[PDB]
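Trainee:
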Amino acid sequence: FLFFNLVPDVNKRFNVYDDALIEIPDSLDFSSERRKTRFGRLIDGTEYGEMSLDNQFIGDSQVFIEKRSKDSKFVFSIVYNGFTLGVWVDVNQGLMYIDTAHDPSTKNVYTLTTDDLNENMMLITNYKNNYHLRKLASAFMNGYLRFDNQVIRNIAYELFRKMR
Amino acid sequence: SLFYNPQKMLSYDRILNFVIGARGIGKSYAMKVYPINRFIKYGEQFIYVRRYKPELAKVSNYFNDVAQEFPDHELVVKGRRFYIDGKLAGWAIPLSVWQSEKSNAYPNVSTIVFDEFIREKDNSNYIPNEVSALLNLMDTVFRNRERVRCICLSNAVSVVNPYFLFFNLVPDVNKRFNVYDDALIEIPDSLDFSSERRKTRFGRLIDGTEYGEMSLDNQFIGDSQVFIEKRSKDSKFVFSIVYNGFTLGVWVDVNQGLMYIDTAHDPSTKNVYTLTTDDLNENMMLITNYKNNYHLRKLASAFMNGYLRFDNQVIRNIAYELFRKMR
RNA sequence: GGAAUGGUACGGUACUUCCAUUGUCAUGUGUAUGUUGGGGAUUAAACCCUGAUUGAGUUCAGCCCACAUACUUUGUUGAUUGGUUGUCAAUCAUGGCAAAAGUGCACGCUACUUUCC
Ligand SMILES: Nc1ncnc2c1ncn2[C@@H]1O[C@H](COP(=O)(O)OP(=O)(O)OP(O)(O)=S)[C@@H](O)[C@H]1O
Ligand SMILES: [Mg+2]
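Residue numbers (the authors' numbering), protein chains in the order written: chain E, 167 to 330; chain A, 4 to 330.
1. CB of A/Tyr7 to nearest heavy atom of ligand 1: below 7 angstroms?
2. Return yes when the Cβ of A/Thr277 is within less than 8 angstroms of the Cβ of A/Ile264, no when it is not.
3. Please say whether A/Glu199 and residue 341 of chain A have beta carbons closer to each other than 8 angstroms?
4. Here's a check: name, in chain order, each residue in its chain whose Cβ is nearer than 7 angstroms to the Cβ of A/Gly29, leaving out the five neighbours to either side.
5. Looking only at DSSP bridge pairs, what is A/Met262 linked to?
6. Below 8 angstroms between beta carbons: does that hold for A/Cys153 and A/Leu13?
7. Output the distance between the C-alpha atoms of E/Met287 and E/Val255, rounded to the nearest integer angstrom.
8. Taking the alpha carbon of E/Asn177 as the reference point, which residue from E/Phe170, E/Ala186, E/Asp184 and E/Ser193 has its own alpha carbon closest?
9. Enumerate in chain order the residues of its own chain whose CB-to-CB distance from A/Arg54 is below 6 angstroms, with the five nearest sequence positions on each side excluded.
10. With DSSP as the reference, label A/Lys239 as helix, strand or coil.
11. Identify whether A/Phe196 lies in helix, strand or coil by the three-state DSSP scheme.
12. DSSP beta-bridge partners for E/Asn181?
13. Roughly how many whole angstroms lie between the Cα atoms of E/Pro270 and E/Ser197?
14. When the Cα of E/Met329 is compared with those of E/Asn292, E/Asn221 and E/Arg201, which residue comes out closest?
15. Per the DSSP calculation, A/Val245 is bridged to which residue(s)?
16. To the nearest angstrom, how far is the alpha carbon of A/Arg148 from that of A/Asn258?
17. Using a C-beta cutoff of 8 angstroms, does A/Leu289 count as contacting chain E?
18. Taking 8 angstroms as the CB-CB cut-off, is A/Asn308 touching chain E?
19. So does residue 345 of chain A have its beta carbon nearer than 7 angstroms to some heavy atom of ligand 1?
20. Check each candidate in A/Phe73, A/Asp195 and A/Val100 and name the one with the smallest Cα separation from A/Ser4.
21. Would you grab the beta carbon distance between A/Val134 and A/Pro165 for me? Rounded to a whole angstrom, and I think it's under 8 angstroms.
22. Can you have a look at E/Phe230 and say buried or exposed, based on whether 16 or more other CB atoms are within 10 angstroms of its CB?
23. Can you find a CB in chain E that lies within less than 8 angstroms of the CB of A/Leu19?
24. Grouping DSSP H, G and I as helix and E and B as strand, with all else coil, what is A/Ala95?
25. Using the beta-carbon of each residue, which ones in chain E are nearer than 7 angstroms to A/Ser243?
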């Protein structure tokens, strides 16, 4: 699956595509078929009570944080590793988002590293530009920063780790 | 008295026994005798798990030390398989391939006849989540609620392995037995400890003073992992440091000023601190390198001083690891 | 291979018991004095510091603890008006009750060992 990169669901018993099909078999009866065996052995009842047996029916992975967007004014713009991230603001609750937005007006476009150099952007000073974006910094420290993706989540978070 | 004595173990009759201690001191003697005792009663064959494969090429002399127990009947090995008067005795395989075994019929089991289940300071041997591996082993040696009785047997007593605190297996040094639904924690008699350790003192005096060190003491008495002074008290909840997914908090009691790291909850909705971005969401606040030393100034100082106190061993371990992370 | 006539695990009983145990419900922040009552705090001691004592070292005394009252915030997050108290929760510990704990199992073979049949 790591190769083919499949995206099934627990709901769909059959998961059909152009080529592939993931089938989850007899899910209820399976569970029921296991239930009865703990009736044949109560110590297997204690074994089922172990969280290991019940936690392989539970999946774990990284998860998103916020899926947010505005409908009002916005100011800044940043780019990193050949990928652009806009900055959105709102007076109502003064909230702050980071969503895909390109401004052909194109003021104050920034990168952390000169691998994305262009006559327009300026190599940002390490932390003085952070104080320039004091509202963005505080929004990161507080909850005033929200996004609309988990991919934007990870890119922004690695940038934050490099930010300090 | 003289030797390892499984009478109380067999007596209190958990369907799954759990004993520890006596490194090479008969912790395997009586429990390798017992399957052949079931065979003399003409019961059922036993199952022998091994940690790895090379450990198998030399171990065909498994019945040498039980002849002096039962000289009477024939106790031999044909090769891989064990034979008592020619009847099959033990299903003997290491771990690697039990899955290929698990579709076979296993109608006859008597007892768990393995020891050194877990070795101190040995996890390269280990297999991830092998606790559930033993679950698969037991369910592939189960047919009903009978014919089976299990033992664990580690060389020494520890309180850090996942199995214990997963089952809250707590040792007691004052009393021999610790009882639960099915789990016992025990050790041979403290009087038998005196007798046998005195027996070792007799004879090889160097082999006695080597037991005088805690090195050989801890193998059989198991006084381990209780390192920091630890207490508890009734202070007010003040601060909480969400680290790698933990609701750790701090009680600060000014009268006889000490910081107690017990776990509790109040609806503070503030002062909760995260040292990682993974534990940060939109209702707690992030703290960089130094600002812990200042906002948790009490924490920093009480750690530098002896004023910081602890409550639980797991909390102690995770907190010391955090103290290593904080730089 | 037969015991349950050895100690025995447990259940679900009884005889003594202790909300340690999960729940069910009432309690909570600060000085001021009192011998509050008791525990002198009692290495004696030598000296001194302080605070009443009376002509005056003459007397005694300085430590903690629960209570009686006024000075006050059950702590704590929120709903409240323009803003302040008061009404609905939290966890914290206390206390009372069950449910729970020790003593025989004299209620049983669900049961290992156990020495003999
Ligand atoms: N009933 C017994 N009769 C005689 N010796 C005994 C008895 N019970 C234990 N022993 C002793 O136990 C020793 C062998 O026990 P082991 O089977 O090695 O126990 P162990 O603790 O598993 O050690 P390893 O690592 O398994 S070899 C003998 O040499 C005796 O000293
Ligand atoms: Mg052994």
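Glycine included, each C-beta is placed from N, C-alpha and C at the ideal position.
Mentor: Let's see:
1. Under cutoff, so the answer is yes.
2. No, they are not a contact pair.
3. For residue 341 of chain A there is no data in the structure shown, the boundaries of chain A being 4 and 330.
4. Hits under 7 angstroms: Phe6 and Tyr7.
5. Within the DSSP secondary-structure output, A/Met262 pairs in a beta bridge with A/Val255 and A/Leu311.
6. Against a cut-off of 8 angstroms, the Cβ pair of A/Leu13 and A/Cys153 comes out as no contact.
7. Across the structure, E/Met287 and E/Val255 are spaced so that their CA atoms are roughly 22 angstroms apart.
8. Its Cα nearest to that of E/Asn177, the residue E/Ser193 stands out among E/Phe170, E/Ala186, E/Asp184 and E/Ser193.
9. For A/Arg54, the CB contacts under 6 angstroms within the same chain, skipping 5 residues up- and downstream, are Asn128 in chain order.
10. The answer is strand: DSSP assigns A/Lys239 an E or B state.
11. Here A/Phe196 sits in helix by DSSP.
12. Among the bridge pairs identified by DSSP, E/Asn181 is matched with E/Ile188.
13. If you draw a straight line from the Cα of E/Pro270 to the Cα of E/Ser197, it comes to about 58 angstroms.
14. Closest option to E/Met329, Cα to Cα, is E/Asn292.
15. DSSP, once it has assigned bridges, lists A/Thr277 as partnering A/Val245.
16. When only Cα atoms are considered, A/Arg148 and A/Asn258 end up about 56 angstroms apart.
17. So, interface residue.
18. Chain E has no Cβ within less than 8 angstroms of the Cβ of A/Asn308.
19. With chain A represented from 4 up to 330, any question about residue 345 of chain A goes unanswered, as that position is not in the structure.
20. Selected option, being the one with the closest Cα: A/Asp195.
21. Contact holds; Cβ gap of about 6 angstroms.
22. By the neighbour-count rule (16 or more Cβ atoms within 10 Å), E/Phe230 is not buried but exposed.
23. Cβ-Cβ to chain E under 8 angstroms: yes for A/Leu19.
24. Note: A/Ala95 maps to strand in three-state DSSP.
25. The contact set of A/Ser243 on chain E, defined by CB atoms closer than 7 angstroms, is empty, because the minimum CB distance reaches about 17 angstroms.
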